[PDB]
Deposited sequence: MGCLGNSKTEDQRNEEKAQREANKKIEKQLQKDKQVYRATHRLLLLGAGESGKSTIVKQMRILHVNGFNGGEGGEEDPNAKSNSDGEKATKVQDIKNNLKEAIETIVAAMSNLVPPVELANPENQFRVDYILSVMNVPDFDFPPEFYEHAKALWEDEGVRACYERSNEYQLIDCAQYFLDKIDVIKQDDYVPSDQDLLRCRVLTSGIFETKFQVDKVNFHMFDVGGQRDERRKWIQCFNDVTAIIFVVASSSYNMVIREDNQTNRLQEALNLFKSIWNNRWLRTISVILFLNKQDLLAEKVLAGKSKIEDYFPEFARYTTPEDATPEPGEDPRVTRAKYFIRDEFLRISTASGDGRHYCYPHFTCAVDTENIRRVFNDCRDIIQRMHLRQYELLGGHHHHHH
């Protein structure tokens, strides 16, 4: 038996990361080329935070005027073709990352475009700077590289074949998805649950979660996917909780309807899960369920899964649950 799976979702939801888990879980020289990519994430993270400091409203100020010179440094090398990455770079970066100002600006990072692996790479600069540095499994999971075009990945789970297709989720990329709609076992739609207080890169205005909802509706009601079921991955479950519990960015300030929402009865919280968190994650799921409820009865269904793509441990659990849905339904 062979299953062809297509990953759909907006830009940065977590699609490419899901394929990296399939490799780590069911598939497995090249690890040395990813270093260059990891260092880029670091560079892009530091400069993006620093450059944003003066543009925010109100502008955030450094706590140590000494770092003003390091700020000048980061910027002077911002758009340098091939950066050789000298030992100074890491030093300046580290000092900046420790300045309260640069940190305060990071807390309000939802107001400008910042990569998800920021806090993770900046926290281990002292590790990446070594010449004998070898990227960990978790390092590759966090590493970010834009997807452009379509990519196939073949793997096996108990002598049963699976063909995975990874596509770009950015607006301009969506136009290639059509190439995979015909003869698809089921769809894996990925969403960035934690991105309720952010805006998309394409226009800098459309709410990220709203872009997700609209896109889901476009996929659920598509004329060529009338009988294809959708496995919904409510990804980035870790950042959702951290945001809810921190209470800085309120969910009802973006989606007003939250104020008139109570946790469902059938709700199954995690052992040691805060009531606030539970109520939040189930709310986001219900939004997508309201769409799937209204149409295509009996012909196709939707199966929600709480997900954290960079948790190699979590993905095994939910992928085995998917393997269940696929076999149990004769797809």
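Visitor: Return the ranges of the deposited sequence not covered by C-alpha coordinates, sorted by sequence position.
Guide: Sequence ranges with no C-alpha atoms are 1-38, 67-85, 389-402.
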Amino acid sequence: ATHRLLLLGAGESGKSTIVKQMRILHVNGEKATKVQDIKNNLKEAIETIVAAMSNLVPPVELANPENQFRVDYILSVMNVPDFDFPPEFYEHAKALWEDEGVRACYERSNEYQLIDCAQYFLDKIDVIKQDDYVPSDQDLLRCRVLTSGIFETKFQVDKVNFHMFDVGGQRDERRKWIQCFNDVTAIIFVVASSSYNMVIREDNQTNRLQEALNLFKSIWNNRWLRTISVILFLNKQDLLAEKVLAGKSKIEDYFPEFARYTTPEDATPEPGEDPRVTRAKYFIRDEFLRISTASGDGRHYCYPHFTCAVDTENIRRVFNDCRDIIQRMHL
From here on, numbers count along this sequence of modelled residues.
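Visitor: Out of 218-226 and 154-162, which one has CA B-factors that are higher on average in the deposited record?
Guide: Between 218-226 and 154-162, it is 154-162.
Visitor: Do the C-alpha atoms of 65-73 or of 29-37 have the higher average B factor in the entry?
Guide: 29-37 has the higher mean C-alpha B-factor.
Visitor: Looking at the C-alpha B-factor values in the deposited entry, which of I187, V190, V80, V199 comes out highest?
Guide: Out of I187, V190, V80, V199, the record gives the largest C-alpha B-factor to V80.
Visitor: Which one, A10, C308, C322, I18, has the peak C-alpha temperature factor per the PDB entry?
Guide: So the option with the highest C-alpha B-factor is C322.
Visitor: Place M53 in the lowest, middle or highest third of its chain's C-alpha B-factors, as listed in the PDB entry.
Guide: According to the entry, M53 has a C-alpha B-factor in the chain's middle third.
Visitor: Lowest, middle or highest third of the chain for the C-alpha temperature factor of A294?
Guide: Within its chain, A294 is a highest-third residue by C-alpha B-factor, going by the deposited values.
Visitor: Once the chain's modelled residues are ordered by C-alpha B factor and cut into thirds, is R142 in the lowest, middle or highest one?
Guide: For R142, whose C-alpha B-factor we compare with every modelled residue in the chain, the answer is the lowest third.
Visitor: Please place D183 in the lowest, middle or highest third of its chain according to the CA B-factor in the PDB entry.
Guide: Highest third of the chain for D183's C-alpha B-factor.
Visitor: Could you tell me which third, lowest, middle or highest, the C-alpha B-factor of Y133 occupies within its chain?
Guide: Its C-alpha B-factor, which the entry lists for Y133, ranks in the highest third among residues of this chain.
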